[PDB]
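Asker: Quick one: this structure, given as structure tokens, is what I'll be asking you about.
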Amino acid sequence: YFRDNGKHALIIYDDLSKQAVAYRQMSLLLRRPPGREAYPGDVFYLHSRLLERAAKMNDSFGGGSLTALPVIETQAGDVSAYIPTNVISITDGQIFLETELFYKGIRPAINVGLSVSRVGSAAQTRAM
Amino acid sequence: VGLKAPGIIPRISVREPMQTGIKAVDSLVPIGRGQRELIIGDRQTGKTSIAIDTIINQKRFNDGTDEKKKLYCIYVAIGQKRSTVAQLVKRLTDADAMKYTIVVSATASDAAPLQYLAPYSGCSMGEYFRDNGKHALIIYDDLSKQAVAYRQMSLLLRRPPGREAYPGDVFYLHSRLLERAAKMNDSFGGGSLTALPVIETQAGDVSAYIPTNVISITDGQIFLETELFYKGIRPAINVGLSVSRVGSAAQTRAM
Amino acid sequence: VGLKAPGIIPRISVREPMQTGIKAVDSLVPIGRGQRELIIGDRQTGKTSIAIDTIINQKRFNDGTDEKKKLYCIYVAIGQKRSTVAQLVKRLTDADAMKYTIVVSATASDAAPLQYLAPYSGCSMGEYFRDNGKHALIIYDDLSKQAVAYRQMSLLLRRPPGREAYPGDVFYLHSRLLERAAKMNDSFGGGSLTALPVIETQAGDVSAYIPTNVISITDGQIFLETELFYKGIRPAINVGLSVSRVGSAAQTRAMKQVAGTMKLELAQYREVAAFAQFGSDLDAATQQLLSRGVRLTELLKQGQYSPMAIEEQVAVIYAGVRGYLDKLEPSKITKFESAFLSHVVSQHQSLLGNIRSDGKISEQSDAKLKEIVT
Amino acid sequence: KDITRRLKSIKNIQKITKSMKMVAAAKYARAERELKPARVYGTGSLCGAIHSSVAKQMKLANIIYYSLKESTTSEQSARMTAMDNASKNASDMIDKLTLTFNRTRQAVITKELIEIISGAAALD
Amino acid sequence: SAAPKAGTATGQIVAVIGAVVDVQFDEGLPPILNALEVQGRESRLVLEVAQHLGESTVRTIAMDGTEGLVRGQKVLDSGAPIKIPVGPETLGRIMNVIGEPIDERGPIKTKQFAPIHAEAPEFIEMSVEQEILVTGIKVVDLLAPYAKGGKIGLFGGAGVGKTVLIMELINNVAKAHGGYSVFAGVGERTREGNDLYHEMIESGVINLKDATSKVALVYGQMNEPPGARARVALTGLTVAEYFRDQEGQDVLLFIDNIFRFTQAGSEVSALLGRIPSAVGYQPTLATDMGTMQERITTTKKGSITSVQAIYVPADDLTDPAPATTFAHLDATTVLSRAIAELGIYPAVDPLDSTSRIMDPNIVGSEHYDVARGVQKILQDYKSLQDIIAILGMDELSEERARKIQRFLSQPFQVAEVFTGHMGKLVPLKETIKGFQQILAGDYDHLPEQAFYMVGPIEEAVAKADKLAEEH
Amino acid sequence: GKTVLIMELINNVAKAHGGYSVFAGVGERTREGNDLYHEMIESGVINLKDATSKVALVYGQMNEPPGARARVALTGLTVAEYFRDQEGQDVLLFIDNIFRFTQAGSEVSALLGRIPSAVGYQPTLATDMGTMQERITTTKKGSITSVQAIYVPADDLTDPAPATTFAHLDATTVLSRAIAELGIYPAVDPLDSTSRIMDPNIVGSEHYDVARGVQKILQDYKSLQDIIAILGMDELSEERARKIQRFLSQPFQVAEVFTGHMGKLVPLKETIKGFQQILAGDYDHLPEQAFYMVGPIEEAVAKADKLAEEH
Ligand SMILES: Nc1ncnc2c1ncn2[C@@H]1O[C@H](COP(=O)(O)OP(=O)(O)OP(=O)(O)O)[C@@H](O)[C@H]1O
Ligand SMILES: Nc1ncnc2c1ncn2[C@@H]1O[C@H](COP(=O)(O)OP(=O)(O)OP(=O)(O)O)[C@@H](O)[C@H]1O
Ligand SMILES: Nc1ncnc2c1ncn2[C@@H]1O[C@H](COP(=O)(O)OP(=O)(O)O)[C@@H](O)[C@H]1O
Ligand SMILES: Nc1ncnc2c1ncn2[C@@H]1O[C@H](COP(=O)(O)OP(=O)(O)O)[C@@H](O)[C@H]1O
Ligand code: VO4
Ligand code: VO4
Ligand code: VO4
Ligand SMILES: [Mg+2]
Ligand SMILES: [Mg+2]
Ligand SMILES: [Mg+2]
Ligand SMILES: [Mg+2]
């Protein structure tokens with residue numbers, strides 16, 4: 001509504017991962033042949049289709065915006081699991097949060113080398 | 001053979017232990033009567049000997065005084081070569097041990113259903129005692145091999161497989177059974193049935209599907225490690241991955 | 001193409017070896033005629049070059065005297081880009097090698113059945129010779145890719161899959177085939193067909209389903225490791241995980257004289273060459289069994305678009321097995337193997353001639369060689 | 001593929017360590033032949049961790065050679081241990097990580113195999 | 001007897017899909033396991049019945065190629081399973097999966113033939129008598145002992161020393177053997193079958209002249225369909241059977257890979273209308289390996305001292321193939337691939353090589369103790385070699401093995417084609433003094449690999465000279 | 001570092017290229033397609049005025065169905081085709097991930113009435129990747145110098161996706177994830193980066209030798225880094241690499257948006273003298289990471305000054 005009306009917005013998809021756990025369910029019951037870890041094959045078009053909708057709007061179109069941070073569940077530390085690949089392979093910029101650190105005091109606990117801003121220095125204003 | 005295990009009220013408390021005669025066993029791991037003690041262990045490791053000693057131990061008992069201080073034996077052979085079985089029947093006969101024992105065989109040739117229905121056939125054997133005051137010791141030699149042998153039967157009926165073909169109710173397979181060797185309260189009979197399910201350890205893993213399925217039930221699991229044995233460390237029991245569970249109730253004041 | 005392999009009685013014994021021309025190959029791993037030698041190896045490792053040298057080696061033979069001492073070639077391309085194939089056809093044509101070869105292609109575009117039926121098409125090619133006294137060399141470039149390409153066809157017929165989709169008869173797939181390159185007894189023809197099935201090594205695993213399926217058949221498997229190669233160690237053959245199987249029957253008396261120590265000197269040396277890197281205080285002089293891997297290794301690294309005939313292969317390596325070059329720090333050894341020949345075909349034109357006379361190492365030329373080497 | 005990687009390092013550590021292991025005793029041989037006459041009544045009347053306990057205790061060919069001669073052996077003993085007490089307790093891992101490959105060698109083989117049939121067997 | 005009903009024992013092929021031919025009879029349905037004769041042929045094509053699909057249609061497993069078969073071809077009902085001629089009149093000859101002569105020497109004149117599917121010997125037929133039998137091999141004879149009627153099992157991970165060993169056991173045992181012998185080659189190379197043939201001629205074992213032949217050769221290999229590799233093992237067993245029973249003698253049987261009896265099902269299962277299992281396999285592998293191996297045994301009429309071989313797919317003992325098999329073999333020998341690097345040959349491993357005949361009563365108190373002691377030192381050895389010390393030995397704790405490992409690496413006879421090393425053997429004779437020394441410490445010090453590719457302690461000093469170290 | 005690299009190859013190669021160019025974006029972000037558009041305007045490549053445009057942009061991405069990602073690669077190829085053939089010219093083609101041509105089937109296979117395979121995939125992936133890639137080639141009428149990109153699902157080269165593909169690419173570059181930690185960029189690995197054009201006849205005897213020698217030292221290097229010495233270097237056996245690893249870590253142009261590092265490049269020019277030194281020993285000693293995020297040997301001493309060590 002905002003990204004199409006000049007106004008901006010911040011959407012948080014808390015656990016797309018759990019939606020992954022929750023998608024296969026529905027498809028298997030329609031008898032749509034499973035593929036990887038039951039994931040209906042279009043597990044991509046599942047999370048491509050969505051993220052691809054939070055975009056930047058040009059003046060000539062509105063100037064509006066929508067920023068999206070998809071939440072994901074890391075299985076012991078693996079960021080490259082099917083679904084994560086499926087999601088990191090799309091999204092531009094991924095903040096990795098490691099349980100491995102946290103208590104160390106290292107909170108947020110971000111692992112550099114396995115997490116990026118991607119969009120580059122355009123985000124960080126001259127200040128940063 | 002399709003009986004449902006007794007329950008909360010019929011049962012009481014594992015007391016009046018049963019003597020294996022195996023020092024390391026009893027002393028360390030004491031087996032109480034009316035309970036299920038899992039003897040897991042890889043190929044060549046002693047599972048059948050220990051159980052065979054445990055059974056040979058009732059000798060002096062089956063002809064002496066205290067009737068209640070006795071023990072009848074039911075040996076179930078599942079899969080095994082029918083020669084290995086003749087090895088035991090003859091050998092147990094040497095120590096006269098066969099004179100108070102019942103042995104049942106589902107040796108390879110026998111179609112899968114037999115290697116399946118077999119344990120549920122031995123359970124019932126002993127249940128005669130566990131329901132008539134008398135006590136008993138049943139050994140299910142290789143439930144593991146019965147696992148190899150169950151999936152067969154179900155897949156052919158086209159019952160969707162699940163884990164490693166295992167028909168899903170691979171639990172109800174081995175829950176249903178073990179749950180039948182229980183302790184009998186005076187008020188119900190005082191009888192008992194103790195069961196030691198034999199299991200095949202794959203290189204050392206005790207947590208494989210079926211083992212979990214079985215250790216997740218049984219109270220007390222004696223692990224036999226091929227890794228040791230030759231070391232002289234025989235029986236070769238790994239502490240930290242094997243317990244008596246029932247607690248010190250089994251081990252008399254002596255131990 | 002659906003013929004059933006001969007059998008116990010038609011066959012005889014792998015004798016009258018076939019020359020790859022690749023020193024390291026033949027000497028170490030000698031290929032006899034009528035047999036199946038598996039050349040497994042990961043991406044970029046030399047499988048097609050070696051086979052291409054092995055085939056280029058029949059040159060001088062296909063126009064000389066002894067008809068029986070010849071070899072026709074059948075090169076099967078399965079999967080490959082049809083440009084890589086044109087790379088070979090043209091390249092083999094450069095050495096005139098194409099003039100006595102037959103090449104068949106099932107290059108990517110071609111529907112799965114073709115990439116399937118292809119080998120069984122080449123088998124039959126050579127069977128013409130193996131059934132007419134004449135001999136042949138067939139190369140099944142990537143049976144592995146044919147594995148990738150077989151399951152396709154079966155799954156679409158709804159033939160229940162088994163392992164990694166592989167239609168169960170993934171064995172009868174590659175048993176049936178290899179089993180067709182056999183040795184022919186005089187009483188049946190004397191002909192032959194030798195086959196080297198190419199296989200794709202996944203990071204180093206030689207025991208994958210299909211490889212097991214193939215190594216579990218073939219007699220003799222030359223493993224090519226990408227892990228080495230660049231090291232200079234090319235062909236890069238791993239001993240302990242690669243054999244000739246057929247035994248010393250392939251290697252003529254010549255190699256049975258020199259090579260007899262080469263491959264198993266390195267069978268356990270894979271330990272010491274895997275230790276020396278940290279010795280110090282051990283058996284002081286155990287260093288010999290070590291001095292003998294390094295220096296030789298640099299003689300054991302054939303590499304070029306050119307084959308060194310049997311009597312030249314009897315020239316340079318022998319010199320090592322009979323430790324004379326020895327001691328000298330390696331490095332320049334490459335120039336020996338290079339120059340020893342330009343030096344041999346310039347003055348020593350008789351010593352090689354004692355292998356086309358006696359066909360082994362002479363008491364004489366032992367000395368003669370021993371004089372140019374020292 | 002994967003365990004191959006951490007199984008490489010072990011094997012890579014072997015060559016250097018396991019060979020030096022032999023040296024561990026060799027250093028001894030190249031010492032006693034001359035040290036002995038100078039010892040007992042002949043006069044009077046990684047890298048383990050041996051070359052350390054002596055140095056932390058700070059809180060002319062006579063003694064300087066006699067001591068070093070006996071200290072020589074106390075110093076190389078580190079190799080002894082580095083190749084025998086570092087490798088006695090570092091191999092198991094060869095027999096362990098090799099023994100789970102086949103666990104997750106079999107696994108994958110019996111994991112993806114499920115999927116292949118998970119669709120194949122049920123249709124019409 | 002083989003005679004059908006007063007109604008057509010002929011069906012017409014209704015479906016062909018590789019190795020599975022469905023057939024449809026109208027007046028006389030042929031039982032499961034019956035051998036069927038395909039008419040319209042240019043050879044002999046037998047289809048073994050396997051199921052009774054209903055709609056009066058059976059389901060067969062092809063015993064040879066199904067090439068050119070046509071939807072309508074007549075298939076004949078023999079009225080009895082595949083039966084091969086059994087008798088002394090099969091010795092010295094080579095049969096195939098049906099009893100057809102393949103050594104080309106013409107018809108196999110015999111008094112009768114026996115069905116390849118026979119009821120396994122009952123409980124009250126078995127025999128507890130385990131009389132020993134010596135091979136004079138290191139690990140193989142000493143460590144994991146063998147025995148009369150006992151089954152041998154060689155677990156190889158594809159080219160690790162499974163078949164070489166068998167030719168060898170033929171060497172010491174087969175030749176010198178009194179009584180008849182058999183060799184069923186299931187699956188494996190035709191190359192070997194050939195050589196094995198001619199080697200058995202070179203050494204008289206098979207003589208084409210007199211009638212002094214003791215071995216019988218049944219083959220069915222690689223260039224054939226699975227219905228064939230499925231039963232060649234059976235046939236070469238139906239042979240050994242007839243000799244033990246109806247002719248009371250202690251036979252020997254050599255199966256070159258007996259689990260090919262299962263690759264078979266793994267190639268026919270799913271295509272039969274079954275739901276897969278472990279690795280894809282079959283919901284029958286257990287009963288399969290079972291029903292079959294429970295024939296190759298002794299009895300109140302005769303004994304069958306057999307020697308099998310079992311392959312390790314993808315090098316995984318974790319395969320329910322080598323695995324399931326174990327429970328049958330009266331002595332184990334899992335040759336390791338990580339062992340062939342080490343050159344240790346045979347690649348028999350100091351762990352997974354069991355036996356149900358290794359007690360002090362039959363092997364020795366002295367012998368079975370140092371065996372426990374050899375694998376003992378070996379166990380903490382397997383750990384130490386890496387654990388604690390980290391590869392490089394030396395370290396500390398001087399608290400033999402590397403020695404003993406070279407001891408049991410007897411390079412013997414069948415391995416001559418590699419480095420001239422010959423028949424390293426001899427029946428126990430001088431193991432005494434020798435191996436015991438190593439363990440207690442005695443005589444143990446000779447400069448490591450200085451005692452590598454040989455066995456007897458007597459060659460420690462008879463080699464020290466070869467490679468000397470002093471001044 | 002798969003797509004960053006491609007924009008880069010556009011930088012040095014595309015612009016300066018004579019003849020036409022194409023860019024099929026299959027699967028990947030729309031964000032990039034946009035920027036790539038406007039960047040191609042900022043730099044004239046695509047001019048909206050005259051008719052001085054050389055690239056052609058075919059797209060079909062992520063926010064679309066698989067039938068679309070299945071063929072966008074085809075279309076952007078059908079383009080490059082027409083130019084090479086009917087218009088005899090040596091074209092260039094840029095596919096941003098060409099195996100999306102297979103995610104496609106992996107999303108339509110089973111739902112088409114097919115029995116799954118490797119990972120679930122398809123009993124066609126071989127012929128698929130095949131039939132398609134066997135078009136993007138040269139001929140007796142023109143040439144197509146192409147540049148593709150192939151994704152590694154679950155980081156597993158063991159996927160029959162990156163795998164099967166290999167047999168098509170005339171030069172490999174398996175960028176490693178365990179390499180990005182090390183910062184080494186591009187993440188091209190000293191092992192799995194082959195070529196069917198690396199012989200002394202075309203690359204150099206000198207060049208292809210030290211290449212063998214660079215990966216040689218590198219192989220026993222991969223072992224030593226852990227094996228024998230156990231992580232910590234020093235140990236013994238002084239018997240360069242860490243140097244060369246920094247050499248081939250050219251941070252170049254398309255990576256400016258991170259730390260100002262710019263167009264580290266230059267066509268072979270001064271590789272001579274430089275890299276050879278490292279290996280034979282010459283000039284090799286400069287305090288380790290002191291020569292890290294740069295390439296030319298000339299900047300060993302032109303940085304030693306930046307970070308000095310003495311007294
Ligand atoms: N106390 C003992 N000490 C040393 N060895 C023994 C002892 N008791 C029995 N044995 C021997 O140990 C082995 C005991 O285990 P056994 O092989 O019978 O059973 P298992 O390994 O549990 O199962 P399986 O019969 O399938 O191998 C036998 O081979 C036997 O001869
Ligand atoms: N003796 C040699 N020494 C060094 N390099 C060689 C030698 N012979 C050929 N080469 C080069 O080595 C490579 C040989 O292997 P090639 O790539 O042809 O086959 P392959 O790796 O087995 O299979 P594929 O073609 O799929 O990569 C070629 O890239 C070629 O240019
Ligand atoms: N006794 C032995 N000594 C040395 N090497 C052997 C021995 N037996 C086998 N090998 C090696 O292992 C390879 C495979 O062995 P083989 O016995 O043919 O096994 P199988 O036929 O069962 O696969 C041979 O080619 C040879 O290199
Ligand atoms: N040349 C380079 N130098 C430094 N970092 C790089 C470079 N190329 C890529 N990266 C890092 O890796 C991330 C992923 O790279 P990218 O090229 O966008 O790969 P792809 O688009 O193919 O997934 C970037 O966000 C950046 O942090
Ligand atoms: O970031 V890429 O998922 O497109 O490899
Ligand atoms: O299987 V427990 O119920 O013991 O976790
Ligand atoms: O070589 V064997 O595949 O028959 O184990
Ligand atoms: Mg048992
Ligand atoms: Mg090739
Ligand atoms: Mg074999
Ligand atoms: Mg990208």
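Chain labels run A, B, ... following the order of the structure tokens; each chain numbers its residues from 1, and ligands are numbered from 1 in the order shown.
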Hey, which residues sit close to ligand 10? Say within 7 Å, counting only C-alpha atoms and all ligand atoms, and write them as a list in words.

Answerer: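 Checked against 7 Å with only C-alpha atoms and all ligand atoms; the hits are residues 159, 162, 163, 188 and 256 of chain E.
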
Asker: If we count only C-alpha atoms and set the cut-off at 8 Å, which residues sit around stretch 253-263 of chain F, ignoring sequence neighbours fewer than 4 positions away in its own chain? Please answer as a PyMOL selection string.

Answerer: (chain A and resi 120-122) or (chain F and resi 4-5+7-8)

Asker: Hey, what's within 9 Å of stretch 15-22 of chain D if we count only C-alpha atoms and toss same-chain stuff fewer than 2 positions away? As a PyMOL selection string, please?

Answerer: (chain C and resi 271-283) or (chain D and resi 11-13+24-26+46+79-84+86-87) or (chain E and resi 385-386+389-395+448) or (chain F and resi 227-229)

Asker: Report as CSV the residues of chain E within 12 Å of chain D, each with its shortest atom pair and distance in Å (one decimal), using only C-alpha atoms, ordered by chain and increasing residue number.

Answerer:
```
residue,atom,partner,partner_atom,distance
E:270,CA,D:121,CA,9.7
E:271,CA,D:121,CA,11.7
E:273,CA,D:121,CA,10.3
E:274,CA,D:121,CA,9.7
E:275,CA,D:121,CA,7.6
E:276,CA,D:117,CA,8.1
E:277,CA,D:114,CA,9.0
E:278,CA,D:110,CA,6.9
E:279,CA,D:110,CA,5.2
E:280,CA,D:113,CA,6.9
E:281,CA,D:113,CA,10.5
E:312,CA,D:102,CA,11.5
E:313,CA,D:106,CA,10.1
E:314,CA,D:105,CA,8.4
E:315,CA,D:102,CA,7.9
E:316,CA,D:102,CA,5.7
E:317,CA,D:102,CA,7.8
E:318,CA,D:106,CA,6.4
E:319,CA,D:106,CA,7.2
E:320,CA,D:106,CA,10.1
E:337,CA,D:98,CA,11.8
E:338,CA,D:98,CA,9.9
E:351,CA,D:95,CA,11.6
E:378,CA,D:88,CA,11.6
E:379,CA,D:92,CA,9.5
E:380,CA,D:88,CA,8.0
E:381,CA,D:88,CA,7.2
E:382,CA,D:92,CA,6.1
E:383,CA,D:92,CA,4.0
E:384,CA,D:88,CA,2.3
E:385,CA,D:88,CA,4.7
E:386,CA,D:91,CA,2.2
E:387,CA,D:89,CA,1.9
E:388,CA,D:89,CA,2.3
E:389,CA,D:86,CA,2.3
E:390,CA,D:87,CA,2.5
E:391,CA,D:87,CA,3.8
E:392,CA,D:18,CA,2.7
E:393,CA,D:84,CA,3.6
E:394,CA,D:80,CA,3.9
E:395,CA,D:81,CA,2.0
E:396,CA,D:81,CA,4.2
E:397,CA,D:85,CA,7.0
E:398,CA,D:84,CA,8.5
E:399,CA,D:84,CA,10.4
E:445,CA,D:25,CA,11.9
E:447,CA,D:22,CA,9.5
E:448,CA,D:22,CA,8.9
E:449,CA,D:22,CA,11.1
E:470,CA,D:29,CA,11.3
E:471,CA,D:33,CA,11.6
```

Asker: Can you list, as number ranges by chain, every residue of stretch 63-100 of chain D that DSSP puts in alpha helix (DSSP H)?

Answerer: D: 63-84, 92-100

Asker: I need the residues from that last selection saved to file as an mmCIF file, in the first residue's frame (with N, CA and C atoms), if you can.

Answerer:
```cif
data_model
loop_
_atom_site.group_PDB
_atom_site.id
_atom_site.type_symbol
_atom_site.label_atom_id
_atom_site.label_comp_id
_atom_site.auth_asym_id
_atom_site.auth_seq_id
_atom_site.Cartn_x
_atom_site.Cartn_y
_atom_site.Cartn_z
ATOM 1 N N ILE D 63 81.074 -28.501 33.322
ATOM 2 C CA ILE D 63 79.664 -28.606 33.620
ATOM 3 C C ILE D 63 78.832 -28.317 32.338
ATOM 4 N N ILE D 64 79.169 -27.239 31.619
ATOM 5 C CA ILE D 64 78.466 -26.822 30.385
ATOM 6 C C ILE D 64 78.361 -27.880 29.278
ATOM 7 N N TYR D 65 79.242 -28.878 29.310
ATOM 8 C CA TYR D 65 79.207 -29.943 28.305
ATOM 9 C C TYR D 65 78.586 -31.188 28.955
ATOM 10 N N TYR D 66 79.058 -31.526 30.152
ATOM 11 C CA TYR D 66 78.538 -32.669 30.906
ATOM 12 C C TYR D 66 77.020 -32.535 31.039
ATOM 13 N N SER D 67 76.541 -31.335 31.367
ATOM 14 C CA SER D 67 75.100 -31.122 31.511
ATOM 15 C C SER D 67 74.407 -31.215 30.163
ATOM 16 N N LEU D 68 74.903 -30.463 29.186
ATOM 17 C CA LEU D 68 74.308 -30.474 27.857
ATOM 18 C C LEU D 68 74.275 -31.875 27.281
ATOM 19 N N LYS D 69 75.332 -32.641 27.506
ATOM 20 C CA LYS D 69 75.378 -34.005 27.010
ATOM 21 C C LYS D 69 74.206 -34.796 27.567
ATOM 22 N N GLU D 70 73.902 -34.597 28.844
ATOM 23 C CA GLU D 70 72.784 -35.308 29.431
ATOM 24 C C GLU D 70 71.499 -34.568 29.140
ATOM 25 N N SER D 71 71.624 -33.263 28.895
ATOM 26 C CA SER D 71 70.455 -32.450 28.580
ATOM 27 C C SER D 71 70.072 -32.704 27.125
ATOM 28 N N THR D 72 71.027 -33.067 26.262
ATOM 29 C CA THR D 72 70.731 -33.337 24.850
ATOM 30 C C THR D 72 69.516 -34.281 24.733
ATOM 31 N N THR D 73 69.629 -35.428 25.393
ATOM 32 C CA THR D 73 68.609 -36.483 25.421
ATOM 33 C C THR D 73 67.290 -36.013 26.063
ATOM 34 N N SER D 74 67.379 -35.171 27.100
ATOM 35 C CA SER D 74 66.192 -34.625 27.780
ATOM 36 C C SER D 74 65.448 -33.695 26.796
ATOM 37 N N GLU D 75 66.183 -33.053 25.867
ATOM 38 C CA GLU D 75 65.625 -32.118 24.856
ATOM 39 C C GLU D 75 64.969 -32.858 23.652
ATOM 40 N N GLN D 76 65.686 -33.755 22.972
ATOM 41 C CA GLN D 76 65.094 -34.500 21.837
ATOM 42 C C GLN D 76 63.930 -35.417 22.331
ATOM 43 N N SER D 77 63.906 -35.824 23.612
ATOM 44 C CA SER D 77 62.807 -36.678 24.146
ATOM 45 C C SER D 77 61.465 -36.080 23.740
ATOM 46 N N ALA D 78 61.453 -34.780 23.475
ATOM 47 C CA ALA D 78 60.218 -34.131 23.069
ATOM 48 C C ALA D 78 59.720 -34.812 21.801
ATOM 49 N N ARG D 79 60.640 -35.120 20.885
ATOM 50 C CA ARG D 79 60.280 -35.784 19.633
ATOM 51 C C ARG D 79 59.731 -37.116 19.951
ATOM 52 N N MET D 80 60.437 -37.792 20.841
ATOM 53 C CA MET D 80 59.984 -39.077 21.260
ATOM 54 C C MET D 80 58.542 -38.907 21.510
ATOM 55 N N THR D 81 58.209 -38.119 22.526
ATOM 56 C CA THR D 81 56.814 -37.952 22.815
ATOM 57 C C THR D 81 55.976 -37.382 21.706
ATOM 58 N N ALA D 82 56.489 -36.403 20.975
ATOM 59 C CA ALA D 82 55.712 -35.783 19.906
ATOM 60 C C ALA D 82 55.284 -36.718 18.814
ATOM 61 N N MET D 83 56.063 -37.773 18.646
ATOM 62 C CA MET D 83 55.747 -38.749 17.644
ATOM 63 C C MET D 83 55.141 -40.001 18.326
ATOM 64 N N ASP D 84 55.169 -40.144 19.653
ATOM 65 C CA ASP D 84 54.523 -41.344 20.216
ATOM 66 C C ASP D 84 53.320 -41.045 21.167
ATOM 67 N N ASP D 92 43.115 -42.747 16.745
ATOM 68 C CA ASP D 92 41.782 -43.142 17.016
ATOM 69 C C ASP D 92 40.905 -42.409 15.991
ATOM 70 N N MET D 93 41.139 -41.091 15.929
ATOM 71 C CA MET D 93 40.472 -40.126 15.033
ATOM 72 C C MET D 93 40.585 -40.571 13.596
ATOM 73 N N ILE D 94 41.587 -41.374 13.287
ATOM 74 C CA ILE D 94 41.639 -41.844 11.927
ATOM 75 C C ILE D 94 40.531 -42.923 11.902
ATOM 76 N N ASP D 95 40.585 -43.861 12.858
ATOM 77 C CA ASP D 95 39.595 -44.949 12.963
ATOM 78 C C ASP D 95 38.196 -44.456 13.323
ATOM 79 N N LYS D 96 38.094 -43.232 13.861
ATOM 80 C CA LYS D 96 36.802 -42.622 14.206
ATOM 81 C C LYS D 96 36.238 -41.876 12.951
ATOM 82 N N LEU D 97 36.747 -40.700 12.583
ATOM 83 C CA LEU D 97 36.225 -40.023 11.370
ATOM 84 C C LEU D 97 36.141 -40.953 10.132
ATOM 85 N N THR D 98 36.950 -42.017 10.042
ATOM 86 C CA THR D 98 36.830 -42.915 8.875
ATOM 87 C C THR D 98 35.537 -43.711 9.127
ATOM 88 N N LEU D 99 35.328 -44.143 10.377
ATOM 89 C CA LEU D 99 34.156 -44.951 10.737
ATOM 90 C C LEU D 99 32.761 -44.276 10.710
ATOM 91 N N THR D 100 32.691 -42.944 10.568
ATOM 92 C CA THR D 100 31.399 -42.210 10.475
ATOM 93 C C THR D 100 31.110 -41.870 8.944
#
```

Asker: Extract, using only C-alpha atoms, all DNA, RNA and protein residues at most 9 Å from residue A:114, discarding same-chain residues fewer than 3 positions from it, and format them as a list in words.

Answerer: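 Close residues of residue A:114: residues 79, 94, 95, 96, 110 and 111 of chain A; 177, 180 and 181 of chain F.
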
Asker: Using only C-alpha atoms and all ligand atoms, determine which residues fall within 7 Å of ligand 3, then list them as a VMD selection string.

Answerer: (chain C and resid 216 220 243 to 245) or (chain E and resid 156 158 to 165 340 343 345 to 346 411 to 412 414 to 415)

Asker: Please identify every polymer residue within 10 Å of ligand 11, using only C-alpha atoms and all ligand atoms, and present the set as a list in words.

Answerer: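 Result of the 10 Å neighbour search around ligand 11: residues 89, 90, 91 and 92 of chain A; 1, 2, 3, 4, 5, 6, 25, 26, 27, 28, 29, 32, 96, 97, 149, 150 and 151 of chain F.
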
Asker: Set the cut-off to 7 Å, count only C-alpha atoms and all ligand atoms, and list whatever residues fall near ligand 6 as a short mmCIF file (atom, residue, chain, number, x, y, z; two decimals) with N, CA, C and O atoms, in the first residue's frame.

Answerer:
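Below is the file that was written, result.cif:
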```
data_model
loop_
_atom_site.label_atom_id
_atom_site.label_comp_id
_atom_site.auth_asym_id
_atom_site.auth_seq_id
_atom_site.Cartn_x
_atom_site.Cartn_y
_atom_site.Cartn_z
N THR B 212 17.35 -47.30 19.18
CA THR B 212 16.71 -46.21 19.94
C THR B 212 15.36 -46.80 20.27
O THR B 212 14.99 -46.94 21.44
N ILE B 215 16.05 -49.30 23.07
CA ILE B 215 16.66 -48.87 24.28
C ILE B 215 15.70 -47.87 24.91
O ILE B 215 15.65 -47.75 26.13
N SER B 216 14.90 -47.20 24.07
CA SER B 216 13.90 -46.20 24.48
C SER B 216 12.81 -46.89 25.20
O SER B 216 11.90 -46.22 25.62
N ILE B 217 12.87 -48.21 25.40
CA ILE B 217 11.80 -48.87 26.09
C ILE B 217 12.41 -49.55 27.28
O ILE B 217 12.26 -49.10 28.43
#
```
